[PDB]
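**Student:** what's the 3D shape of this:
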Amino acid sequence: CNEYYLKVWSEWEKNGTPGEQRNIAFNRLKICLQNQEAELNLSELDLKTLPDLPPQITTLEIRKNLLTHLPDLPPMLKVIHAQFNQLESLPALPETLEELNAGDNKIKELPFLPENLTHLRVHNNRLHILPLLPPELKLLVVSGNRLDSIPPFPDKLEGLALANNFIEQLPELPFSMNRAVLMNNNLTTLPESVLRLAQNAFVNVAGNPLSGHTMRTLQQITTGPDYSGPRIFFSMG
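**Tutor:** Numbering: from 1, shown residues only. And now the structure:
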């Protein structure tokens, strides 16, 4: 264990390209294991790869690096912050995962998602598809991908960002929905649910080519004297 862990870390430390700072990585990798700390922070160390990690951690900060792939993750991890890398893939995710933030990478497919996942921020990637969404999921941010369809939403979802994708249709929104950013997509219609949302809610469907019919439909319903639906934001030209 601890004895043989340091083995692979000083191995990995030798192969470091001139730019990489595997030197300061080795320290924190060590310190993190010595005291058994729960958070490991290797962010902004120009790292191009990673060696197996300290099994005890529950938070993993490794953003703004050059990582293209990831080593299997600690099995008791709850949070990942891997934004601003070159990630093309992702390792399987621990059931214990709650936050998964891999913004600004190059991922195309995600792995199956833990049921305990609450926050998922994988914007500015290359997702062509999405895996089924976890029930306890609260926020979904997949803006700036290659999505053209999207699976059903969970009951407890409150926040949604599907901006800048090639989406043609939109599943029914749950009542829990509070913010929905659906900008710059290929929507010509809107599920009837958007109107049934809470009155404090907000929906942004700018950039979409909503059909003339859809528009007049909405114009009439939302201007009614009894409309207690959300505010909806549009654009023209």
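
**Student:** Contact partners for residue 96?
**Tutor:** Counting by Cβ atoms under 8 Å, 6 or more residues apart in numbering, residue 96 makes contact with 58, 75, 76, 77, 78, 114, 116. C-betas here are computed from N, CA, C, even on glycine.

**Student:** Next, residue 223: phi, psi?
**Tutor:** When read as degrees, to the nearest 10, the backbone of residue 223 gives phi -90, psi 0.

**Student:** So it versus residue 9, what's the distance?
**Tutor:** Applying Cβ to Cβ, to the nearest Å, one obtains 65 Å for the distance of residue 223 from residue 9.

**Student:** The chain: strands as residue ranges?
**Tutor:** Applying DSSP state E to the chain gives strands spanning 39-41, 59-61, 79-81, 99-101, 119-121, 139-141, 159-161, 179-181, 202-204, 231-233.

**Student:** Tell me the bridge partners for the most centrally placed residue in the chain.
**Tutor:** Nearest to the mean C-alpha position of the chain, counting by Cα atoms, centre = their mean, stands residue 121 at 1.9 Å. Residues in a beta bridge with residue 121, per DSSP bridges, are residue 101, residue 141.

**Student:** now the strands of the chain in a markdown table, with distance to residue 31?
**Tutor:** As requested, the strands of the chain are exported to a markdown table (distance: least, Cβ to Cβ, whole Å):
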| stretch | distance to residue 31 |
| --- | --- |
| strand 39-41 | 9 |
| strand 59-61 | 14 |
| strand 79-81 | 19 |
| strand 99-101 | 23 |
| strand 119-121 | 28 |
| strand 139-141 | 32 |
| strand 159-161 | 36 |
| strand 179-181 | 39 |
| strand 202-204 | 45 |
| strand 231-233 | 48 |
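
**Student:** can you map out the helices along this structure?
**Tutor:** For the chain, the helices defined by DSSP state H cover 2-14, 22-34, 212-222.

**Student:** what's the most buried one of those?
**Tutor:** Stretch with highest mean neighbour count among the helices of the chain: helix 22-34 (a mean of 17; mean count of other Cβ atoms under 10 Å).
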